[PDB]
Amino acid sequence: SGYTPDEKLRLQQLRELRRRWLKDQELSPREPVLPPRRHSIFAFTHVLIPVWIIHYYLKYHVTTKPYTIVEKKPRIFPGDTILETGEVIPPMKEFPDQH
Amino acid sequence: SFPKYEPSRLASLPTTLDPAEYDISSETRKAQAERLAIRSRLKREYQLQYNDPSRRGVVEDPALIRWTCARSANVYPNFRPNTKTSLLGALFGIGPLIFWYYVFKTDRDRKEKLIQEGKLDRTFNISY
Amino acid sequence: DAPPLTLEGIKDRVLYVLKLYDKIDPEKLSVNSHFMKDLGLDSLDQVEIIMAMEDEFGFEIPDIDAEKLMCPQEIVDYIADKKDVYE
Amino acid sequence: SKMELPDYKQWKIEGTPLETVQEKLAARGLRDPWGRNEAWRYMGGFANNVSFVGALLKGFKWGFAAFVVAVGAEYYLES
Amino acid sequence: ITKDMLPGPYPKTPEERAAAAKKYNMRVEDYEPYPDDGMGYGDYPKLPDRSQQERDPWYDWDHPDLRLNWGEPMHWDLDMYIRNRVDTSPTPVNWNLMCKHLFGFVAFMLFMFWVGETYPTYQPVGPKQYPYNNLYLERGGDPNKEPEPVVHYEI
Amino acid sequence: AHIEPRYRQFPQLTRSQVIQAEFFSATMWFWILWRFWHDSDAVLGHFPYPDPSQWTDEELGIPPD
Amino acid sequence: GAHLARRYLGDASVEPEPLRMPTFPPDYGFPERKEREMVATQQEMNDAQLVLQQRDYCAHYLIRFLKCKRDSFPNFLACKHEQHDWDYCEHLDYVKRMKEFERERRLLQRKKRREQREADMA
Amino acid sequence: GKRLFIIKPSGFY
Amino acid sequence: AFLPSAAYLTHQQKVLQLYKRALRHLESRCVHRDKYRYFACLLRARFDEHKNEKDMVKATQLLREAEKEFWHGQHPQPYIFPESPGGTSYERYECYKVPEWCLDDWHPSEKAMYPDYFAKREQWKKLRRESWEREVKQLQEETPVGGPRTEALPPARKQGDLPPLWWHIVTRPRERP
Amino acid sequence: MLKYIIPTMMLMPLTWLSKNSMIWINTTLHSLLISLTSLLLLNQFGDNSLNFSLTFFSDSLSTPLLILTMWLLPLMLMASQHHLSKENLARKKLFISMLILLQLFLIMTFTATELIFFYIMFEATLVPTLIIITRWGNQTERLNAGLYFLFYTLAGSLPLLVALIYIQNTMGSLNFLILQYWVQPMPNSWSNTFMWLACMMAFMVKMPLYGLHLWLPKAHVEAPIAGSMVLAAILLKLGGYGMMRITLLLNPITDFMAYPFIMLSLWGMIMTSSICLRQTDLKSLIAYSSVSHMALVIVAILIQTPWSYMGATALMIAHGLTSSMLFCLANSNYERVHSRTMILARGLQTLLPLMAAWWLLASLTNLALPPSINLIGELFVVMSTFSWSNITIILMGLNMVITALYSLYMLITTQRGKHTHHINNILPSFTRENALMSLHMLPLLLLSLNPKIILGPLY
Ligand SMILES: CCCCCCCCCCCCCCCCCC(=O)OC[C@H](COP(=O)([O-])OC[C@H](O)COP(=O)([O-])OC[C@H](COC(=O)CCCCCCCCCCCCCCCCC)OC(=O)CCCCCCCCCCCCCCCCC)OC(=O)CCCCCCCCCCCCCCCCC
Ligand SMILES: CCCCCCCCCCCCCCCCCC(=O)OC[C@H](COP(=O)([O-])OCC[N+](C)(C)C)OC(=O)CCCCCCCCCCCCCCCCC
Ligand SMILES: CCCCCCCCCCCCCCCCCC(=O)OC[C@H](COP(=O)(O)OCCN)OC(=O)CCCCCCCCCCCCCCCCC
Ligand SMILES: *C(=O)CCCCCCCCCCCCC
C-alpha cells in the first residue's frame, strides 16, 4: 500500500503552493534594477612599479646596511680570469688519461 | 556458521541484529505508540510556534535549558562526598600534580648536578 | 552543467525506464498505472522500480517514501518535490 | 526545452553480455527483467572499448612514426 | 522557564520518578536516571549513549545538523556525541578484531624494522676513500695540529 | 555552438579535443622512444658491473702459503 | 647481494665487516704498492666549492664538468662528454672499492684456511 | 533566461 | 523502529528494506552491470523462495538470519549517492540555503533593486498571516484529546484554506541556490 | 602621571553634565583622546625607567598595561551602550562613572612607585568591578559571583597587607626604586616561606592560579560586557604585574618555592583547556580559556628568566586584546539569541559573514597564529620553560594542541554547520559591533609589526 487519501491531498496542495513559490522566485526582465554607476597596464602597474620600488629600497636602504644582502661568492675554476684582479687561475695538472 | 558481531562501547550493535527489535508483543507496541505520541505532541508544540508569522525570536527549548542547567548549575547540589567521589578526586586531582612534581624535580636536580660539575655541555647557551 | 529538469522530461524518463521493464508491457502503461492494482506487480518489483529510479536520476529515495510511491505519477511528483522543478 | 528521448525499442540485449547473463540464468529457470534498462551501456558508441594495453598504447602509431621520421632526419642531417 | 521544569535531586519514590519522567518528556518505563553514587547527575536521564550519527538521517529532524528534535531530552554528552565528534556507529568489523589486527600489524612492522636494522643490507665495496688524510682541513681540522697520515693505495 | 547533452548514448565530441588527445599521446610515445634511443642507459645500465669471482689473486695481492 | 646471505646465513669469520675493513695492512700482499695520485689541487676544489662528499680522488673531472656546465649556458645538453668522463672515473673508483672488498674477503679465506691447516697439523 | 532570485543575508551593512 | 507516521516497522517493511540494502551492497560488491544483474536475479530468487511464507515465526526467524547473512556479507565502503547521507556531496549546499526571513532585514536600497520580487513577496506574507489563525483552529478541532498520536498533518478541508503548517515546507530553500 | 589622572577625573563632570543623548558620545570621544595621549609613556630608556615623581613612575612593563587600560575604556563604552539603552539616565551615568573610576584606579595602580599605594589601588579596583557585576549583571548568579570575586581576592590580599607592612618595617621603605638597590637575599626558613606565600597568593588568586580560579568563570560570566572586558583584559594582569614587582624581593627562596605553583599552572593549562573542550556556555569557554592562558604567565613569572618575562608581558597584552574581543563576539551573539548556550545559535556564517570573519581572526589569535604577539608571548614562554626543564615541552605542546582544538571548535560550533531554523531575530551586524571588533583586532595585528613596545622592562 501507499499513501492515505489525506496524505495525497496534502502533498497535492503543498505541491501546488511550492510550485507557485518557486515560480515567484523568478526574476523580472527589468530586475535587478541598478542604481546609475591601456592594454599593457598590468605589466606596468604590477611589475614595473614594484621593480622600481623594490630596487630603490634594496639599493639605497638594504645594501647600505652591512650583511643584509650577503651573497655566496662566485665559483672559481682552473682557467678562470678574475675581473677584480686580472689574476689568471692556473689550470689543473694534466690527467693520467683513462680512456 | 557466521562470526557473531560483538558490540562495543564505541561500536554499538546494529538495529538489524538486535534481538529486541523484532518484538511483536503488545507491551512493545504500546511503548512505541506512547513514544510516538510524546514525540508527536512535542513536534506539534514546536512547529506551532515555529510556523507563527507573529513570532520573531527564539523558540526556546526547555530541554536545552534543562540540559545546560544539569551540566553546570545543578552538579554540586547533587553531590555527596563518599568513597567513590573522594578516591576519584584524590586520584584525578593531586595524582598528576605529585607525578609531574617528582618528574620535574628529578630532571632539575639532575640538570643542576650536571651544571655545577661542569658536565652539561653549555657552550653556546647564552639565551635563557 | 546540470541542465534543469522539467515535469515533461521527468515523466518521459520515468515512463521510459518502466517501458524497459519486462514485467510491464508498454502498451498498458500510463502515469496513473498502479503497480499492484493495475500492473499486478510485487512489492519486490516496487523496490526494484524505486532502485531503477535512483539509478536513473542519481539520488536516493528513502524507504519511508519508497514504500509509498505506487504509481508513476507519484514518482514524478516526488522527484519534482526533491528537485524543485518548474521554478 | 524539449529533450527528445530515443526509442525504447532499440535497446535489445541480443549481442551483449546481458544475453550471456540471461542464458546462464535460464539454465536454472531464472529470467532477468531489467536487461533492456542496462542495454544502452553495452551498445552503440560505448560498445567495444579498448583493453589496458590498448589504453597505454594510445598514440603509439603516430609517436612511432614521428620517431622514425626524427631518426631518419638526424641520420640525414649528420651527412 | 521556571523551577519545576529544571532538573532536581535523585528520585527515590516512584511518584518522584514519574514526575521527573514527565519533566524530561519521556515515558516512565523508559526513564532511567544515572545511579545515585553522588557524582552529581541528579534526576537527569541516562540516555543509551549513542552518537548522533546513528540517528535516522532521512527523518525530518527539528535540528537537521544535529539530528535532534525540539523538546526531546538531550543526552548528557550531547556536545560529545555530535557528528563533528565521537562516533559510536556499528562498524563492519568487530572492535576487538580491529584492535588485534592493527596492533599486530604495527608491532610486526616495528619488529621487522628492528630486525632489518640489526641485519642491514649493503653493497660489496670498501669504504669511500678521500684525499688529504681523509679531508682533514676540509672537515674543520685545525692547521696547527698535524693529523696522522691516512694514505690510500691503488688496486 | 556548445555541446548538447544526449540520453543513454555516446556524447558529442569536438574535433579539437580529439586531435589534442591524439597529439599528446603521440608526443608521449615520441618522447619515450626518442629518449630511449639516445640515452638507453638510464634504464638498462651505464657501466658494466665487474665480477669479483673472476678476479685473479695477483691483481688483488693474495700470496699463496 | 648474495654476500648478505653469506654473512648472515653463513659465518662472519670469512665475510668482511663493512664498517671496519681493511683489517689487513695495505702492504700485506703487495710489494711496492703505489699510492692514489690526487689530480685536483686542494685549493682548486676549495675555490670550486665542491661538496665534501664530492671531493674524492676524481674531483678534477667534476671541476671540468661544472666549468663546462657554467660556460655552456643555456645549452644544457652541451656537456655530456665531461659528465660521462666524471661518471666513468667514478665507476673506476667503485671498481677499486669492489677490489678492496674482494681482497679483504680472500684474505679472510686465507686466514681461515691457515687456521684450519694449523688445527690439522698441530 | 529563467534567472532565479538568490536569497542571501543583508550585505548592505 | 523510528518513523514519523508509524510507531513501528512491519515485517514486510523490514523484508523490503533488507532486500534494498542487499541489492545496493551487492551492487557495491558486483561493480559491473551484467554481473550485478546476474547476481541480483539470484538474490531475487533467494527472496522469492520463502516469499509465500504464512508462518510469522518462521518468517521472522528467516528475516533475522538473513540479516546475519547481510551483516557478514556487506561491502565495507558501499556505494552512497553523493547527495545521500554519507555521500561526498551530502549537505554541501547547506551553507547557501539562507532562510526566507533574511530578506526582511535587507536595506530598502537593495529592496529597490528587486521591486517586483518584494512586491510579490508581500502577498505571500499576507496570505500566510491570513491563513495562520484558520489553520491553528483547524488543527485544534481535529486533533484528539491528549495530543496527536502520530506526526501526520491533516490537509486543508475547505476551499480557500491553505494546509496547516505549510510555510516552512513551501518556503524552504532550493537544493542548488 | 598626573596628566592622565586629571582627565580621567574630568570624565566624571563630563559624564554628569552631558546632555541626556550625549553621555555616550562625549565619554567615548574624550576617552579616545586620553587613549591617544597614553602613547607619551613610550618615552622609555634602556637603562632607566621613566620616573615621574615620588608617587608615580612607568617602566616598560607598566606602560603597555597603561595603554591597554586607557584604550579599553572607549571600547567598554561602545560595548555596553546597547544593552544599557533602556536604563535610567542616572543609573546609566552611574555605570559610566564606575567604568571611569575603575580606569582611574588602574592607571595609578600600574604606576605606583611605592608598594602599599599599589596595594590600596589594587584592592580599590574591587569596588567598581563588584558594583558593575552585582548591579548590571544579567542573571541571578551575579550576587554569588560578586561574593566569590570579593572574598577570594580579600582572602588572598589581607596576608599581602601584613607582608608589605613587614617589609616597610624591615627595609624601611616599600618604594620599588629603593628596593631595586636595597634588596636583600631571602633565605630558607619557615618565616620566609610564609613571607613568600603572603607576598604571592593574592596575585595567584588574581591571575588566577589553577585551583583558586573558581571566582573567575562566575565573575566573568555573570558580569555585563564591560565588566567581562575589564576583568579579562586588565584585572587578571594586575596579578602578573604584582608578581613581577614582588618577585624582586623573594630571592633565592622562589627557586624552590615555585615548584608547587609551577606544577599547578603547568597542569592547570592542560585541565582548563580540556574544560574548554566540553563547555556548553560560550562565555564560560572564554573564561576557562583565560585561566588556561594565564597559567603560562604564572609559570613564566615563577621561572624568572628574561625570555620568560618578555613572553609573559607580551602574552598579557595579547590575551587582554584577544579575550576582550572574544567576549565582545559572544555578546554580539547574546544580544540576538538571548542565551549564552553555544549550541543554540549555529551556522552564523551563513547569516553574518563579516562578523564570522571577526570570529575567525579572534580564534586565530586565540590559537597563537604567528606572527601575532599571542604567538610571540606563547613562544617565548615555551623557550624559557624548555630551558627550565626539557620535559615541559610535552605539556606546552599538548596545551597548544588542545588550545587549537577548543578555539576552532568554538568557531565551527557557532559559525559553521546548518543554521538554527527556529531562530529568526538574527539582525545584521551593526556598525557599533563591527567597529568594536575592529578596534580590538586592528591594534592586535599592528602590534605584530613593531612588537618591541610590549616586551617589558628587559627587552
Ligand atoms: C602601520 C601600517 C600598516 C599597513 C599594513 C597593515 C598590516 C595588516 C593589518 C591588519 C590586516 C587585517 C585587517 C583586515 C581584515 C579584517 C576585516 C575583514 O574581514 O576584512 C575583509 C574585507 C574584504 O572582505 P569582504 O569580502 O569585503 O568581506 C569579508 C567577508 O564577508 C568574509 O571575510 P573573509 O573570511 O573572506 O576574509 C578574511 C580573511 C580570512 O583569511 C584568514 O583569516 C587567513 C589569514 C591567516 C593565514 C594567512 C596569513 C598568515 C601570516 C602571514 C602574514 C603575516 C606575515 C607576512 C610577512 C612575511 C613573513 C614574515 O582574512 C584576510 O583577508 C586578512 C588579510 C590580512 C591577514 C593578516 C593576518 C590575519 C590573521 C590572524 C593573525 C595572524 C598573525 C598576525 C599578522 C599581522 C601582520 C601585520 O577587507 C576590507 O574591506 C579591508 C578593510 C580595511 C582593512 C585595514 C587593515 C589595516 C588597518 C590599520 C589602520 C591603522 C594603520 C594604517 C594602515 C592602513 C593600511 C590599510
Ligand atoms: C586565597 C585564600 C588563602 C590565602 C593564603 C595567603 C598566604 C598563606 C599564608 C599567610 C600567612 C600569614 C601572613 C604572613 C606574613 C609574613 C610576614 C612576616 O614577617 O613573616 C615572618 C614572621 C616571622 O616572625 P617575626 O617577623 O615576628 O620575627 C622576625 C623574623 N625571625 C623569626 C627570623 C626572627 O612570621 C610570623 O610571624 C608568622 C607567619 C605565618 C603566620 C601563620 C598564620 C596564618 C596561617 C595561614 C592563613 C591563610 C589564610 C586562611 C584564611 C583564608 C580565607 C578563609
Ligand atoms: C617520531 C614520532 C612519531 C609519532 C607518531 C605517532 C604519534 C601520535 C599517535 C596518535 C595520537 C593522535 C591521534 C589520535 C587523535 C585523533 C583525533 C582525530 O583525528 O579526530 C578526528 C575525529 C573524526 O574523524 P573521523 O572518524 O575520520 O571522521 C569521519 C566522519 N565522522 O574527530 C573527532 O572525533 C573530534 C575530536 C575533537 C577532540 C579531540 C580530542 C583528542 C585530542 C588528542 C590530543 C593528543 C595530544 C598528543 C600529545 C603528544 C605529546 C608528545
Ligand atoms: C644482494 O642481493 C645485494 C642487493 C641488495 C639486497 C637484496 C635486494 C633484493 C631486492 C631487489 C632485487 C629484486 C629482484 C626481483
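Letters A, B, ... mirror the listed sequences (proteins, then strands); counts begin at 1. Computation of the quantities below employed the complete heavy-atom set of this structure, encompassing side-chain atoms and omitting hydrogens, waters and symmetry-equivalent molecules. As the structure lists them, so they are numbered: ligands from 1, and atoms in each ligand from 1.
- A salt bridge does not link G:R97 with G:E100: every distance from a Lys NZ or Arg NE/NH1/NH2 to an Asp or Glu carboxylate oxygen is 4.0 Å or more.
- Here the closest non-hydrogen pair linking J:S265 and J:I298 is OG-CG2, 3.3 Å.
- J:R336 contributes a side-chain N or O that, together with a main-chain N or O of J:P428, makes up a donor-acceptor pair within less than 3.5 Å.
- The protein non-hydrogen atom at the shortest distance from atom 28 (O) of ligand 2 is J:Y166 OH, 4.9 Å.
- For atom 33 (O) of ligand 1, the nearest protein heavy atom is under 4.0 Å away.
- In the vicinity of J:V205, heavy-atom distances shorter than 4.0 Å reach the ligand 2 atoms 1 (C).
- The nearest protein atom to atom 5 (C) of ligand 1, hydrogens excluded, is given as J:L449 CD1, 4.9 Å; this is a heavy-atom distance.
- The distance from ligand 1 to the heavy atoms of J:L364 drops below 4.0 Å at these ligand atoms: 43 (O).
- In terms of protein heavy-atom proximity, atom 61 (O) of ligand 1 is closest to J:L361 CD2, 4.6 Å.
- For atom 94 (C) of ligand 1, the nearest protein heavy atom lies closer than 4.0 Å.
- Residue contacts with ligand 1 for J:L375 are absent, since no atom lies close enough (heavy atoms, distance under 4.0 Å).
- Close contacts between ligand 4 and E:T121 involve ligand atoms 5 (C), 6 (C) [criterion: under 4.0 Å to a heavy atom].
- With respect to atom 31 (O) of ligand 1, the closest heavy atom belonging to the protein is J:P353 CB, 3.6 Å.
- Nearest protein heavy-atom neighbour of atom 53 (C) of ligand 2: J:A155 CB, 3.7 Å.
- Between G:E104 and G:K99, no side-chain nitrogen of the basic residue sits less than 4.0 Å from a carboxylate oxygen of the acidic one, so the salt-bridge criterion is not met.
- When non-hydrogen atoms are compared, ligand 1 lies under 4.0 Å from the backbone of J:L445 as well as from its side chain.
- Remark: I:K97 engages I:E94 in a salt bridge, criterion side-chain N to carboxylate O under 4.0 Å.
- Side-chain atoms of J:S157 and J:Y119 form a donor-acceptor pair, as typed in the model, at a separation below 3.5 Å.
- Checked against the 6.0 Å centroid criterion, the rings of J:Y288 and J:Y406 do not qualify as a close aromatic pair.
- Counting heavy atoms only, J:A198 comes closest to atom 14 (C) of ligand 2 of the residues J:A202, J:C199, J:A198.
- Within the 4.0 Å cut-off (strictly below), a protein heavy atom is located near atom 75 (C) of ligand 1.
- Ranking the protein heavy atoms by distance from atom 52 (C) of ligand 1 puts J:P371 CD, 4.4 Å first.
- What sits closest to atom 35 (O) of ligand 2 on the protein, heavy atoms only, is J:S191 OG, 4.2 Å.
- For atom 87 (C) of ligand 1, the nearest protein heavy atom lies 4.0 Å away or farther.
- Aromatic ring centroids of J:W196 and J:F261 lie under 6.0 Å apart.
- Among all non-hydrogen protein atoms, the one lying nearest atom 38 (C) of ligand 1 is J:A357 CB, 4.5 Å.
- The protein non-hydrogen atom at the shortest distance from atom 42 (C) of ligand 1 is J:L360 CD2, 4.0 Å.
- Short contacts between ligand 2 and J:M195, defined as distances under 4.0 Å to a heavy atom of the residue, involve ligand atoms 16 (C), 17 (C), 18 (C).
- Between J:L130 and J:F149 the shortest heavy-atom distance is N-CE2, 4.3 Å.
- At a heavy-atom distance under 4.0 Å, only backbone atoms of G:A2 (N, CA, C or O) approach ligand 4.
- When heavy-atom distances to ligand 1 are checked against a 4.0 Å cut-off, J:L369 comes that close through both its backbone and its side chain.
- Taking the ring centroids of G:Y94 and G:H91, they lie at or beyond the 6.0 Å cut-off.
- Checking atom 54 (C) of ligand 1 against the protein gives a heavy-atom contact under 4.0 Å.
- Distance alone, capped at 3.5 Å, places no donor-acceptor pair between the J:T413 side chain and the J:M410 backbone.
- Counting only heavy atoms of the protein, atom 8 (C) of ligand 2 lies nearest to J:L197 CD2, 3.7 Å.
- Shown here, atom 100 (C) of ligand 1 is out of close reach of the protein: none of its heavy atoms lies under 4.0 Å off.
- Nearest approach of J:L236 to J:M294, heavy atoms of both residues: CD1-CG, 4.0 Å.
- At least one heavy atom of J:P370 sits less than 4.0 Å from an atom of ligand 1.
- Contacts between J:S448 and ligand 1, counted as non-hydrogen atom pairs separated by less than 4.0 Å, involve the side chain only.
- Considering only non-hydrogen protein atoms, atom 10 (C) of ligand 2 sits nearest to J:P159 CB, 4.0 Å.
- Looking only at atom types and distance, the side chain of J:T322 has a donor-acceptor partner in the side chain of J:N374 under 3.5 Å away.
- Among all protein heavy atoms, the one lying closest to atom 21 (C) of ligand 1 is J:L354 CD1, 4.5 Å.
- Nearest protein heavy-atom neighbour of atom 4 (C) of ligand 4: G:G1 CA, 3.6 Å.
- Residue-ligand proximity, J:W358 to ligand 1, at heavy-atom distances under 4.0 Å covers atoms 16 (C), 17 (C).
- Across every non-hydrogen atom of F:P52 and G:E102, the tightest pair is CB-OE1, 3.3 Å.
- If you check which protein heavy atom lies closest to atom 46 (C) of ligand 2, you get J:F194 CE2, 5.0 Å.
- Aromatic ring orientation, J:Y241 versus J:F118: tilted (interplanar angle from 30° to 60°).
- By the definition of a contact as any protein heavy atom under 4.0 Å away, atom 25 (P) of ligand 1 is not in contact.
- Per-atom contact check: atom 3 (C) of ligand 1 touches the protein, criterion being a heavy-atom distance below 4.0 Å.
- In terms of protein heavy-atom proximity, atom 91 (C) of ligand 1 is nearest to J:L442 CD2, 3.9 Å.
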